[PDB]
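S.K.: The structure file upload32.txt (compact mmCIF, C-alpha atoms and all ligand atoms) is provided below.
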# COMPACT_ATOMS: atom_id res chain seq x y z
CA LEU A 2 72.32 155.36 -35.65
CA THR A 3 73.06 153.23 -32.52
CA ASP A 4 71.18 152.34 -29.29
CA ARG A 5 72.85 154.49 -26.66
CA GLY A 6 69.83 153.84 -24.43
CA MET A 7 70.33 151.99 -21.12
CA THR A 8 68.12 150.01 -18.73
CA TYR A 9 66.31 151.95 -16.00
CA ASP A 10 67.72 150.40 -12.80
CA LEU A 11 66.69 153.07 -10.25
CA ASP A 12 64.14 152.28 -7.56
CA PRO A 13 61.24 152.27 -8.17
CA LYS A 14 61.84 150.57 -11.54
CA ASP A 15 58.11 150.13 -12.24
CA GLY A 16 56.12 153.27 -12.90
CA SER A 17 52.64 151.86 -13.80
CA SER A 18 51.12 152.89 -10.46
CA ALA A 19 52.42 156.49 -10.85
CA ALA A 20 50.00 159.37 -10.25
CA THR A 21 51.58 161.25 -13.20
CA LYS A 22 52.24 159.21 -16.35
CA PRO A 23 54.18 161.38 -18.81
CA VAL A 24 54.54 160.47 -22.46
CA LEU A 25 57.10 162.06 -24.79
CA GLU A 26 56.22 162.18 -28.47
CA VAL A 27 58.73 162.91 -31.15
CA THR A 28 58.03 164.23 -34.62
CA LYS A 29 57.40 161.69 -37.35
CA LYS A 30 57.84 163.31 -40.73
CA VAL A 31 57.21 161.44 -43.96
CA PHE A 32 58.09 162.68 -47.46
CA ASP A 33 56.55 161.15 -50.61
CA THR A 34 59.60 161.79 -52.84
CA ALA A 35 63.33 162.11 -52.23
CA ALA A 36 62.62 165.30 -54.25
CA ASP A 37 60.55 167.04 -51.51
CA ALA A 38 62.87 165.71 -48.79
CA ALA A 39 66.38 166.72 -49.93
CA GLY A 40 67.72 169.86 -48.24
CA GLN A 41 64.51 170.30 -46.20
CA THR A 42 64.96 171.32 -42.56
CA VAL A 43 62.46 169.47 -40.34
CA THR A 44 61.40 170.99 -37.06
CA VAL A 45 61.56 168.03 -34.69
CA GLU A 46 59.55 168.50 -31.53
CA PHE A 47 59.86 166.73 -28.21
CA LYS A 48 56.38 167.11 -26.81
CA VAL A 49 55.26 165.93 -23.34
CA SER A 50 51.75 164.88 -22.36
CA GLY A 51 49.94 164.24 -19.08
CA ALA A 52 52.13 166.20 -16.65
CA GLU A 53 50.88 169.82 -16.47
CA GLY A 54 52.07 171.21 -13.17
CA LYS A 55 53.63 167.88 -12.21
CA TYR A 56 57.42 168.10 -12.91
CA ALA A 57 60.35 170.48 -12.31
CA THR A 58 63.69 168.75 -12.89
CA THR A 59 64.41 167.06 -16.20
CA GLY A 60 67.28 165.70 -18.23
CA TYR A 61 67.42 163.17 -21.06
CA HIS A 62 69.46 162.22 -24.10
CA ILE A 63 68.49 162.80 -27.69
CA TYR A 64 70.25 161.30 -30.69
CA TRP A 65 69.61 161.06 -34.44
CA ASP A 66 70.83 159.40 -37.62
CA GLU A 67 74.40 160.42 -38.41
CA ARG A 68 73.37 161.41 -41.92
CA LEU A 69 71.15 164.28 -40.67
CA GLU A 70 72.65 167.73 -40.08
CA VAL A 71 71.45 169.75 -37.07
CA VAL A 72 71.15 173.50 -37.53
CA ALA A 73 72.17 175.20 -34.32
CA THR A 74 70.43 178.09 -32.63
CA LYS A 75 71.80 181.63 -32.77
CA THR A 76 73.89 180.68 -29.69
CA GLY A 77 75.15 177.44 -31.17
CA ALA A 78 72.82 175.11 -29.21
CA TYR A 79 71.48 171.95 -31.00
CA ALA A 80 68.08 172.34 -29.31
CA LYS A 81 65.87 175.25 -28.41
CA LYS A 82 63.51 175.19 -25.48
CA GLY A 83 59.80 175.06 -26.24
CA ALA A 84 56.58 176.27 -24.69
CA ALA A 85 56.41 173.56 -21.98
CA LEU A 86 59.57 174.86 -20.30
CA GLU A 87 58.59 178.51 -20.53
CA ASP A 88 57.93 178.59 -16.76
CA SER A 89 60.96 176.41 -15.91
CA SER A 90 63.63 179.15 -15.44
CA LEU A 91 66.58 176.79 -15.88
CA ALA A 92 67.04 175.04 -19.18
CA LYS A 93 70.03 173.82 -21.06
CA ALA A 94 70.85 171.95 -24.20
CA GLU A 95 74.40 170.62 -24.27
CA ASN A 96 75.59 169.42 -27.67
CA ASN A 97 76.53 165.74 -27.86
CA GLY A 98 77.68 164.70 -31.29
CA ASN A 99 74.84 163.28 -33.36
CA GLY A 100 72.62 164.23 -30.46
CA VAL A 101 72.00 166.66 -27.65
CA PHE A 102 71.32 166.44 -23.95
CA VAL A 103 68.46 168.58 -22.64
CA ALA A 104 67.76 169.50 -19.00
CA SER A 105 65.20 171.50 -17.06
CA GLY A 106 64.81 172.89 -13.59
CA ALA A 107 62.16 175.09 -11.95
CA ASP A 108 61.40 176.73 -8.59
CA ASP A 109 58.12 174.75 -8.35
CA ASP A 110 56.38 172.10 -10.45
CA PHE A 111 55.97 174.45 -13.42
CA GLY A 112 56.68 171.80 -16.00
CA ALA A 113 53.91 171.91 -18.62
CA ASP A 114 52.50 169.74 -21.35
CA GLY A 115 53.57 170.81 -24.79
CA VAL A 116 56.80 171.17 -26.68
CA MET A 117 59.70 170.71 -24.26
CA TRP A 118 62.45 171.01 -26.87
CA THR A 119 62.76 171.78 -30.57
CA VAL A 120 65.56 170.42 -32.78
CA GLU A 121 66.05 171.66 -36.35
CA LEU A 122 67.32 168.78 -38.52
CA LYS A 123 68.15 168.76 -42.23
CA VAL A 124 68.13 165.96 -44.81
CA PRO A 125 71.07 165.06 -47.15
CA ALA A 126 70.77 165.99 -50.82
CA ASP A 127 71.71 162.29 -51.30
CA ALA A 128 68.24 161.64 -49.99
CA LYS A 129 67.16 158.40 -51.75
CA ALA A 130 63.83 156.54 -51.55
CA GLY A 131 62.74 154.55 -48.51
CA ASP A 132 65.39 156.31 -46.44
CA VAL A 133 64.65 156.51 -42.71
CA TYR A 134 66.43 158.89 -40.37
CA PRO A 135 65.66 157.74 -36.80
CA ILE A 136 65.45 160.16 -33.92
CA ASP A 137 65.97 158.61 -30.46
CA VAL A 138 65.13 159.75 -26.94
CA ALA A 139 67.25 157.71 -24.55
CA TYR A 140 67.88 157.07 -20.85
CA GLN A 141 71.43 157.04 -19.61
CA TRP A 142 72.88 156.39 -16.21
CA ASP A 143 76.10 155.97 -14.39
CA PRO A 144 77.35 156.22 -10.79
CA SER A 145 78.28 159.91 -11.13
CA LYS A 146 74.85 160.96 -12.44
CA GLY A 147 71.77 159.74 -14.35
CA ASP A 148 68.96 161.10 -16.48
CA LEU A 149 65.95 162.59 -14.75
CA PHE A 150 62.24 163.36 -15.01
CA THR A 151 61.04 164.29 -11.50
CA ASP A 152 59.11 166.88 -9.49
CA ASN A 153 60.46 169.84 -7.52
CA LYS A 154 61.11 167.70 -4.44
CA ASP A 155 61.93 164.33 -5.98
CA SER A 156 59.00 162.80 -4.04
CA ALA A 157 58.01 159.13 -4.05
CA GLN A 158 55.52 160.39 -6.60
CA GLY A 159 58.31 162.11 -8.52
CA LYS A 160 60.35 158.91 -8.75
CA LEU A 161 57.39 156.84 -9.88
CA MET A 162 56.80 159.54 -12.52
CA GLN A 163 60.42 159.31 -13.61
CA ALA A 164 60.24 155.53 -13.85
CA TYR A 165 57.19 155.80 -16.07
CA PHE A 166 58.80 158.46 -18.26
CA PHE A 167 61.77 156.29 -19.15
CA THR A 168 60.28 152.76 -19.10
CA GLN A 169 56.93 153.54 -20.73
CA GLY A 170 56.71 157.27 -21.63
CA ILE A 171 59.36 156.82 -24.34
CA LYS A 172 60.52 153.93 -26.46
CA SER A 173 63.64 151.90 -25.83
CA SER A 174 64.99 148.43 -26.62
CA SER A 175 62.69 147.20 -23.85
CA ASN A 176 59.68 149.30 -24.97
CA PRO A 177 60.23 149.19 -28.74
CA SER A 178 58.22 151.06 -31.36
CA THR A 179 56.41 149.00 -33.95
CA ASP A 180 56.44 151.96 -36.41
CA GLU A 181 56.79 150.59 -39.94
CA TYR A 182 59.62 153.12 -40.45
CA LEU A 183 61.54 152.34 -37.25
CA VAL A 184 61.23 148.66 -38.09
CA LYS A 185 62.50 149.11 -41.67
CA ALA A 186 65.48 150.73 -39.88
CA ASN A 187 66.16 148.35 -36.90
CA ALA A 188 65.79 151.42 -34.73
CA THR A 189 62.78 150.20 -32.75
CA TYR A 190 64.50 151.77 -29.68
CA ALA A 191 64.12 155.14 -31.43
CA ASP A 192 61.07 157.38 -30.95
CA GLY A 193 60.57 159.58 -34.01
CA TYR A 194 62.02 159.88 -37.50
CA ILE A 195 62.26 161.63 -40.78
CA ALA A 196 61.31 159.20 -43.56
CA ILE A 197 60.67 158.73 -47.31
CA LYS A 198 58.81 155.93 -49.14
CA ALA A 199 59.53 153.42 -51.96
CA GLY A 200 58.20 153.71 -55.56
CA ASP B 27 81.64 165.82 1.29
CA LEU B 28 81.20 166.48 -2.50
CA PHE B 29 81.48 170.04 -3.80
CA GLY B 30 78.33 170.68 -5.82
CA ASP B 31 76.12 168.07 -4.14
CA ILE B 32 73.69 170.36 -2.37
CA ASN B 33 71.20 167.62 -1.47
CA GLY B 34 74.06 165.33 -0.45
CA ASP B 35 73.35 162.09 -2.31
CA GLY B 36 76.95 161.59 -3.63
CA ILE B 37 75.76 162.86 -6.93
CA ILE B 38 75.83 166.13 -8.85
CA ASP B 39 72.90 166.39 -11.20
CA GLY B 40 69.95 168.60 -12.05
CA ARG B 41 68.22 167.95 -8.72
CA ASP B 42 70.88 170.03 -6.93
CA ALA B 43 70.23 172.88 -9.34
CA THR B 44 66.47 172.82 -8.63
CA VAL B 45 67.25 172.88 -4.89
CA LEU B 46 69.27 176.08 -5.14
CA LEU B 47 66.83 177.54 -7.60
CA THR B 48 63.92 176.98 -5.20
CA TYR B 49 66.01 178.08 -2.22
CA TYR B 50 66.49 181.40 -4.03
CA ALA B 51 62.79 181.76 -4.84
CA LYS B 52 62.13 181.53 -1.05
CA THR B 53 64.92 183.87 0.17
CA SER B 54 64.05 186.29 -2.66
CA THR B 55 60.56 186.63 -1.03
CA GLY B 56 61.63 186.51 2.65
CA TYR B 57 63.04 183.22 3.96
CA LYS B 58 65.51 183.46 6.84
CA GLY B 59 66.83 179.89 7.11
CA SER B 60 70.14 178.46 5.89
CA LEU B 61 70.13 176.30 2.77
CA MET B 62 70.79 173.29 5.03
CA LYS B 63 67.82 174.18 7.26
CA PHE B 64 65.50 174.73 4.28
CA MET B 65 66.50 171.45 2.64
CA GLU B 66 66.13 169.28 5.73
CA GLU B 67 62.68 170.89 6.53
CA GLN B 68 61.38 169.07 3.38
CA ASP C 27 82.08 179.85 3.67
CA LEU C 28 78.60 179.85 2.12
CA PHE C 29 77.32 176.36 1.49
CA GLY C 30 75.67 176.49 -1.92
CA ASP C 31 77.58 179.47 -3.39
CA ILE C 32 79.09 177.59 -6.28
CA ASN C 33 80.39 180.63 -8.24
CA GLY C 34 81.80 181.99 -4.97
CA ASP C 35 80.30 185.43 -5.38
CA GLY C 36 79.11 185.71 -1.77
CA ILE C 37 75.43 184.98 -2.37
CA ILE C 38 73.19 182.13 -3.36
CA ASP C 39 70.97 182.67 -6.43
CA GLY C 40 69.92 181.75 -9.95
CA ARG C 41 73.49 181.71 -11.19
CA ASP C 42 74.69 179.01 -8.80
CA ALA C 43 71.85 176.80 -9.90
CA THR C 44 72.78 177.47 -13.53
CA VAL C 45 76.30 176.32 -12.89
CA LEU C 46 75.13 173.04 -11.49
CA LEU C 47 72.75 172.33 -14.33
CA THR C 48 75.23 173.33 -17.03
CA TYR C 49 77.77 171.09 -15.23
CA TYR C 50 75.31 168.18 -15.16
CA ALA C 51 74.68 168.73 -18.83
CA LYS C 52 78.36 168.46 -19.65
CA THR C 53 79.06 165.36 -17.55
CA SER C 54 75.95 163.93 -19.25
CA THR C 55 77.72 164.36 -22.62
CA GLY C 56 81.03 162.72 -21.76
CA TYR C 57 82.88 165.53 -19.93
CA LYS C 58 85.39 164.13 -17.44
CA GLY C 59 86.65 166.72 -15.04
CA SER C 60 85.27 168.34 -11.99
CA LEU C 61 82.98 171.23 -11.14
CA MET C 62 85.91 173.53 -10.26
CA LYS C 63 87.69 172.57 -13.49
CA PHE C 64 84.51 173.31 -15.46
CA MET C 65 83.90 176.63 -13.70
CA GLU C 66 87.44 177.61 -14.70
CA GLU C 67 87.20 176.57 -18.34
CA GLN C 68 83.87 178.50 -18.65
CA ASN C 69 85.24 181.60 -16.86
CA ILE C 70 82.67 181.53 -14.02
CA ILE C 71 85.75 181.90 -11.77
CA CA D 301 64.51 155.56 -27.32
CA CA D 302 73.12 165.72 -5.28
CA CA D 303 76.39 182.87 -6.01
As structure tokens, how would this structure be written, given the file I've shared?

M.R.:
Amino acid sequence: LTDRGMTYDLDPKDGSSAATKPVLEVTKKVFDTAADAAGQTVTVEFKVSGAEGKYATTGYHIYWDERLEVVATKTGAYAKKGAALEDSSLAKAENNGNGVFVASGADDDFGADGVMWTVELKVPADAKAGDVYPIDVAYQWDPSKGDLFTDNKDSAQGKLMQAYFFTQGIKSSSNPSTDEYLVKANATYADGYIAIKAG
Amino acid sequence: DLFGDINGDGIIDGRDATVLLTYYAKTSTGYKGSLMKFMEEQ
Amino acid sequence: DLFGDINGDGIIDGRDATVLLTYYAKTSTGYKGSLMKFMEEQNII
């Protein structure tokens, strides 16, 4: 895996003062043996906290170790929407290589806490011990468009919320994890993982 | 100026979607204004 | 004529919004090429 994540340069850039401070948590699965790991499909969940009724429009990048194999939905999507987006009537997961892009929209702030997105990933049979398969959530911008996490009306409040989400709600090169697994994998910019231990 | 850019910030992204989607939830229930009128009155 | 009728089906609704989000999702994954080009490739027009 690589660090596709970018620096949040929108304004405001500092989200600490935000009324809504959303945190995205990504599954961290650990196996004791290569044995139990190989061929297992892990449900990886992208779960949001502290934003019930506080967001509408969403869009962010997910990536994962190249050695994992995503199992698509019935319709070929790499991610399936979860309970948090059940009242957001627009949702889309666009496939993106060893990753997916996921985006939300709603007719009011009907964003909920809970699982935003589910991604089914599968481990190699060449599993090995101590292997660590990082799963990243990442912010990406350019002049044509950028990632989002705002309210129905992109209020001042909305943009502070968004700044939090990306700078502090998730992990990046500039808010690194200290997870013993993401360290052992120089993927401190990553957010969750599938892992196995040494002997 | 840019086809797709409902909110008119030079930029086509999910915010434009949410604008239309909310516009529809209003008209749907009995709003009479244009999209431009609705947008600006926020 | 109708500002905000992206699919050009005469009216403004859910579907127009879907086009814009699905478009955003593509550009966000490396897709060069415009909204009209996308709507053509995906048979929305
Ligand atoms: Ca990250
Ligand atoms: Ca726009
Ligand atoms: Ca239409």

S.K.: Name each residue within 6 Å of ligand CA 302 (chain D), counting only C-alpha atoms and all ligand atoms, as a PDB file with C-alpha atoms, keeping the file's coordinate frame.

M.R.:
ATOM      1  CA  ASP B  31      76.120 168.070  -4.140  1.00  0.00           C
ATOM      2  CA  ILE B  32      73.690 170.360  -2.370  1.00  0.00           C
ATOM      3  CA  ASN B  33      71.200 167.620  -1.470  1.00  0.00           C
ATOM      4  CA  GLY B  34      74.060 165.330  -0.450  1.00  0.00           C
ATOM      5  CA  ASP B  35      73.350 162.090  -2.310  1.00  0.00           C
ATOM      6  CA  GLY B  36      76.950 161.590  -3.630  1.00  0.00           C
ATOM      7  CA  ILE B  37      75.760 162.860  -6.930  1.00  0.00           C
ATOM      8  CA  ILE B  38      75.830 166.130  -8.850  1.00  0.00           C
ATOM      9  CA  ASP B  39      72.900 166.390 -11.200  1.00  0.00           C
ATOM     10  CA  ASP B  42      70.880 170.030  -6.930  1.00  0.00           C
TER      11      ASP B  42
END

S.K.: 8 Å from ligand CA 301 (chain D) is the threshold here; counting only C-alpha atoms and all ligand atoms, which polymer residues fall inside it? Answer as a ChimeraX atom specification.

M.R.: /A:4,6,137-140,171-174,177,189-192

S.K.: Give me, as a tab-separated table, the closest atom pair and its distance (Å, one decimal) for every residue of chain C within a cut-off of 9 Å of range 100-116 of chain A, counting only C-alpha atoms, rows sorted by chain and rising number.

M.R.:
residue	atom	partner	partner_atom	distance
C:43	CA	A:106	CA	8.9
C:47	CA	A:104	CA	7.4
C:48	CA	A:104	CA	8.6
C:50	CA	A:104	CA	8.6
C:51	CA	A:102	CA	6.5
C:52	CA	A:102	CA	8.5
C:54	CA	A:102	CA	7.1
C:55	CA	A:102	CA	6.9

S.K.: Just give me the gap between CA of residue 68 in chain C and CA of residue 80 in chain A in Å, one decimal is fine.

M.R.: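 These atoms are spaced 20.0 Å apart.
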
S.K.: Determine, using all atoms listed in the file, which residues of chain A have any atom at most 9 Å from an atom of chain B, and tabulate each with its shortest atom pair and distance in Å to one decimal place, rows ordered by chain and then rising number, as CSV.

M.R.:
residue,atom,partner,partner_atom,distance
A:57,CA,B:44,CA,7.5
A:58,CA,B:41,CA,6.2
A:59,CA,B:40,CA,7.1
A:60,CA,B:40,CA,7.3
A:90,CA,B:47,CA,8.6
A:91,CA,B:44,CA,8.3
A:104,CA,B:40,CA,7.3
A:105,CA,B:40,CA,7.5
A:106,CA,B:44,CA,5.2
A:107,CA,B:44,CA,5.9
A:108,CA,B:48,CA,4.2
A:109,CA,B:48,CA,7.0
A:144,CA,B:37,CA,7.8
A:145,CA,B:37,CA,5.7
A:146,CA,B:37,CA,5.9
A:147,CA,B:39,CA,7.4
A:148,CA,B:39,CA,8.4
A:149,CA,B:40,CA,7.7
A:151,CA,B:41,CA,8.5
A:153,CA,B:44,CA,6.8
A:154,CA,B:68,CA,7.9
A:155,CA,B:41,CA,7.8

S.K.: Neighbours of ligand CA 303 (chain D) within 7 Å, counting only C-alpha atoms and all ligand atoms, as a list in words?

M.R.: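 Answer in the requested format: residues 31, 32, 33, 34, 35, 36, 37, 38, 39, 41 and 42 of chain C.
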
S.K.: As an exercise, work out the distance from CA of residue 27 in chain B to CA of residue 8 in chain A in Å and give it to one decimal place.

M.R.: 28.9 Å

S.K.: I'd like the neighbourhood of residue 121 in chain A as a list in words, where a residue qualifies if any of its atoms comes within 8 Å (using only C-alpha atoms), though same-chain residues fewer than 6 positions away should be ignored.

M.R.: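 That gives residues 42, 43, 44, 45, 71, 72, 73, 79 and 80 of chain A.
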
S.K.: Write a file of the just-selected residues containing C-alpha atoms, as an mmCIF file, in the coordinates of the input.

M.R.:
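Result went into selection-v2.cif, see below:
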data_model
loop_
_atom_site.group_PDB
_atom_site.id
_atom_site.type_symbol
_atom_site.label_atom_id
_atom_site.label_comp_id
_atom_site.auth_asym_id
_atom_site.auth_seq_id
_atom_site.Cartn_x
_atom_site.Cartn_y
_atom_site.Cartn_z
ATOM 1 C CA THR A 42 64.960 171.320 -42.560
ATOM 2 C CA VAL A 43 62.460 169.470 -40.340
ATOM 3 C CA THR A 44 61.400 170.990 -37.060
ATOM 4 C CA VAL A 45 61.560 168.030 -34.690
ATOM 5 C CA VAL A 71 71.450 169.750 -37.070
ATOM 6 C CA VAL A 72 71.150 173.500 -37.530
ATOM 7 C CA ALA A 73 72.170 175.200 -34.320
ATOM 8 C CA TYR A 79 71.480 171.950 -31.000
ATOM 9 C CA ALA A 80 68.080 172.340 -29.310
#

S.K.: Using all atoms of range 57-69 of chain C that appear in the file, construct an axis-aligned enclosing box with 8 Å of padding on every side and provide its centre coordinates and edge lengths in Å, rounded to one decimal, as AutoDock Vina command-line options.

M.R.:
--center_x 85.3 --center_y 172.9 --center_z -15.1 --size_x 20.8 --size_y 33.5 --size_z 25.7

S.K.: Figure out the distance between CA of residue 176 in chain A and CA of residue 164 in chain A, please, to one decimal in Å.

M.R.: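 Rounded to one decimal, the two atoms are 12.8 Å apart.
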
S.K.: At a cut-off of 12 Å around the point (57.6, 162.1, -10.4) (file coordinates), what residues fall inside when counting only C-alpha atoms? I'd like the answer as a VMD selection string.

M.R.: chain A and resid 13 16 to 23 51 to 59 110 112 149 to 167

S.K.: With C-alpha atoms retained, could you export that selection as a PDB file, in the frame of the given file?

M.R.:
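Once written, selection23.pdb looks like this:
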ATOM      1  CA  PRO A  13      61.240 152.270  -8.170  1.00  0.00           C
ATOM      2  CA  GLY A  16      56.120 153.270 -12.900  1.00  0.00           C
ATOM      3  CA  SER A  17      52.640 151.860 -13.800  1.00  0.00           C
ATOM      4  CA  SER A  18      51.120 152.890 -10.460  1.00  0.00           C
ATOM      5  CA  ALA A  19      52.420 156.490 -10.850  1.00  0.00           C
ATOM      6  CA  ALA A  20      50.000 159.370 -10.250  1.00  0.00           C
ATOM      7  CA  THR A  21      51.580 161.250 -13.200  1.00  0.00           C
ATOM      8  CA  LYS A  22      52.240 159.210 -16.350  1.00  0.00           C
ATOM      9  CA  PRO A  23      54.180 161.380 -18.810  1.00  0.00           C
ATOM     10  CA  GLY A  51      49.940 164.240 -19.080  1.00  0.00           C
ATOM     11  CA  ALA A  52      52.130 166.200 -16.650  1.00  0.00           C
ATOM     12  CA  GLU A  53      50.880 169.820 -16.470  1.00  0.00           C
ATOM     13  CA  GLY A  54      52.070 171.210 -13.170  1.00  0.00           C
ATOM     14  CA  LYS A  55      53.630 167.880 -12.210  1.00  0.00           C
ATOM     15  CA  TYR A  56      57.420 168.100 -12.910  1.00  0.00           C
ATOM     16  CA  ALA A  57      60.350 170.480 -12.310  1.00  0.00           C
ATOM     17  CA  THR A  58      63.690 168.750 -12.890  1.00  0.00           C
ATOM     18  CA  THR A  59      64.410 167.060 -16.200  1.00  0.00           C
ATOM     19  CA  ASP A 110      56.380 172.100 -10.450  1.00  0.00           C
ATOM     20  CA  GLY A 112      56.680 171.800 -16.000  1.00  0.00           C
ATOM     21  CA  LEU A 149      65.950 162.590 -14.750  1.00  0.00           C
ATOM     22  CA  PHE A 150      62.240 163.360 -15.010  1.00  0.00           C
ATOM     23  CA  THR A 151      61.040 164.290 -11.500  1.00  0.00           C
ATOM     24  CA  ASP A 152      59.110 166.880  -9.490  1.00  0.00           C
ATOM     25  CA  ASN A 153      60.460 169.840  -7.520  1.00  0.00           C
ATOM     26  CA  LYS A 154      61.110 167.700  -4.440  1.00  0.00           C
ATOM     27  CA  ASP A 155      61.930 164.330  -5.980  1.00  0.00           C
ATOM     28  CA  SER A 156      59.000 162.800  -4.040  1.00  0.00           C
ATOM     29  CA  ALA A 157      58.010 159.130  -4.050  1.00  0.00           C
ATOM     30  CA  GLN A 158      55.520 160.390  -6.600  1.00  0.00           C
ATOM     31  CA  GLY A 159      58.310 162.110  -8.520  1.00  0.00           C
ATOM     32  CA  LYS A 160      60.350 158.910  -8.750  1.00  0.00           C
ATOM     33  CA  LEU A 161      57.390 156.840  -9.880  1.00  0.00           C
ATOM     34  CA  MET A 162      56.800 159.540 -12.520  1.00  0.00           C
ATOM     35  CA  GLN A 163      60.420 159.310 -13.610  1.00  0.00           C
ATOM     36  CA  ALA A 164      60.240 155.530 -13.850  1.00  0.00           C
ATOM     37  CA  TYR A 165      57.190 155.800 -16.070  1.00  0.00           C
ATOM     38  CA  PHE A 166      58.800 158.460 -18.260  1.00  0.00           C
ATOM     39  CA  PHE A 167      61.770 156.290 -19.150  1.00  0.00           C
TER      40      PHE A 167
END

S.K.: Which residue is closest to residue 132 in chain A? Choose from A:33, A:12, A:46, A:180 and count all atoms listed in the file.

M.R.: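 Distance minimum relative to residue 132 in chain A lands on A:33.
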